[PDB]
Amino acid sequence: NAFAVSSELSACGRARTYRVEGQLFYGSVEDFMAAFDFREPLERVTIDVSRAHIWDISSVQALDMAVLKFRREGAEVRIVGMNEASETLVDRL
Amino acid sequence: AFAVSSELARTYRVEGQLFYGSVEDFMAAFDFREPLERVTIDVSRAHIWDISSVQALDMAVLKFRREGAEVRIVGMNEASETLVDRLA
């Protein structure tokens, strides 16, 4: 399988890190969006895409939606690894 | 429809067409047990046609770091030009 997300919670339950691995493209966007618990109460969310490749603008746009949805729920959101994930698609776009 | 060669610091040169069908034969081209400081996998001579073929490249890159050398990738951009363009 080509896409996988896991997460780890903070001790106090205030911070969650999602670890995104593998291939993000239109065909994985639905499972990608399903991996996040958007209404979990959190102060901080990290989406770490360092181990993944973003292969199309759909997927970039899905990632930006995920970010906006967490923000809307009150979380401060960080993306880690965007440069590595997105190198593929940008040098080629 | 692809071939893999190498030069001894090792560089693997992948050429040809990378599809679903060839992945295991692809994984067999590499010797990950060779303790090595730095491995380059150069895919500039190859076309990555689908998501499964790139996943296999990422897996190979991972077993080289696991063992563990530092791994780079030349030509990912031109290798995956076919996949990026295919998906867009």
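In what follows, chains are A, B, ... by sequence order, proteins preceding strands, each numbered from 1.
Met59(B) and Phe19(B) fall into different hydrophobic clusters, where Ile, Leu, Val, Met, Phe, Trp and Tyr residues are linked whenever their side-chain heavy atoms come under 4.5 Å apart, directly or through other members.
For the atom pair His47(B) NE2 and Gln17(B) CD, the distance stands at 5.0 Å (nearest 0.5 Å). For the atom pair OG (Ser86(A)) and CD1 (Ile57(A)), the distance works out to 11.5 Å, reported to the nearest 0.5 Å. Taking CZ of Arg39(A) as the start and CZ of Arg72(A) as the end, the distance is 12.5 Å to the nearest 0.5 Å.
Partner of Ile41(B) under the side-chain contact (heavy atoms from CB on, under 4.5 Å) criterion, out of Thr11(B), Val61(B), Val74(B): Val61(B) alone.
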In sequence, state the C-alpha distance, the side-chain angles, and the governing distance for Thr40(B) and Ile73(B), and then conclude on side chain to side chain contact (heavy atoms under 4.5 Å, CB included).
-> CA-CA 6 Å; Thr40(B) 295; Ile73(B) 300 167; over 6 Å; no
Please assess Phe36(A) against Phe70(A) for the test side chain to side chain contact (heavy atoms under 4.5 Å, CB included), listing each intermediate value before the final yes or no.
-> CA-CA 9 Å; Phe36(A) 297 110; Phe70(A) 274 112; 3.8 Å; yes
Derivation and outcome, side chain to side chain contact (heavy atoms under 4.5 Å, CB included), residues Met76(B) and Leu57(B) = CA-CA 10 Å; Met76(B) 179 50 136; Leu57(B) 170 56; 3.8 Å; yes
Take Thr82(B) and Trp49(B) through the side chain to side chain contact (heavy atoms under 4.5 Å, CB included) test and state the conclusion after the steps.
-> CA-CA 6 Å; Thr82(B) 34; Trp49(B) 290 108; 3.5 Å; yes
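Distance alone, capped at 3.5 Å, places no donor-acceptor pair between the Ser59(A) side chain and the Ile54(A) backbone. Checking side-chain atoms of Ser50(A) against main-chain N and O of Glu84(A) turns up no donor-acceptor pair under 3.5 Å. For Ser22(B) (side chain) and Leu18(B) (main-chain N/O), no donor-acceptor pair under 3.5 Å exists by modelled atom type. Proximity of a side-chain donor or acceptor of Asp56(A) to a complementary backbone N or O of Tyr26(A) within less than 3.5 Å is detected.
At a threshold of 4.0 Å, the pair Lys63(B)-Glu67(B) does not count as salt-bridged, since none of the basic side-chain nitrogens sits closer than that to a carboxylate oxygen.
In terms of heavy atoms, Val4(B) sits closest to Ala29(B) at CB-CB, 3.6 Å. Shortest non-hydrogen contact noted between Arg65(B) and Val71(B) is NH2-O, 3.4 Å. Across all non-hydrogen atoms, the minimal contact from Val45(A) to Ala75(A) is CG2-CB, 3.6 Å. Nearest heavy atom pair, residue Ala62(A) against residue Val29(A), reads CB-CG1, 4.0 Å.
Note on residues 6-22 of chain A: pairs passing salt bridge (charged side-chain N to carboxylate O under 4.0 Å, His left out), not counting sequence neighbours, are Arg14(A)-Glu43(A), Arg16(A)-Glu40(A).
Residues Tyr18(A) and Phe32(A) have side chains not in contact (no heavy-atom distance under 4.5 Å, counting atoms from C-beta outward). Contact of the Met33(A) side chain with the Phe38(A) side chain is registered, since non-hydrogen atoms from C-beta on lie closer than 4.5 Å. With a 4.5 Å cut-off on side-chain heavy atoms, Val14(B) and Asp42(B) do not count as touching. At least one side-chain heavy atom of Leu89(A) sits less than 4.5 Å from a side-chain heavy atom of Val60(A).
Other residues, nucleotides and ligands place more than 12 heavy atoms under 6.0 Å from the CG atom of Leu9(A). For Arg78(A), the CZ atom sits in a loose shell: 12 or fewer heavy atoms of surrounding residues, nucleotides or ligands are nearer than 6.0 Å. In the displayed structure, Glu30(A) atom CD is contacted under 6.0 Å by at most 12 heavy atoms of other residues, nucleotides or ligands.
Between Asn77(B) and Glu87(A), the side chains place no donor N or O within less than 3.5 Å of an acceptor N or O (distance only, hydrogens not considered).
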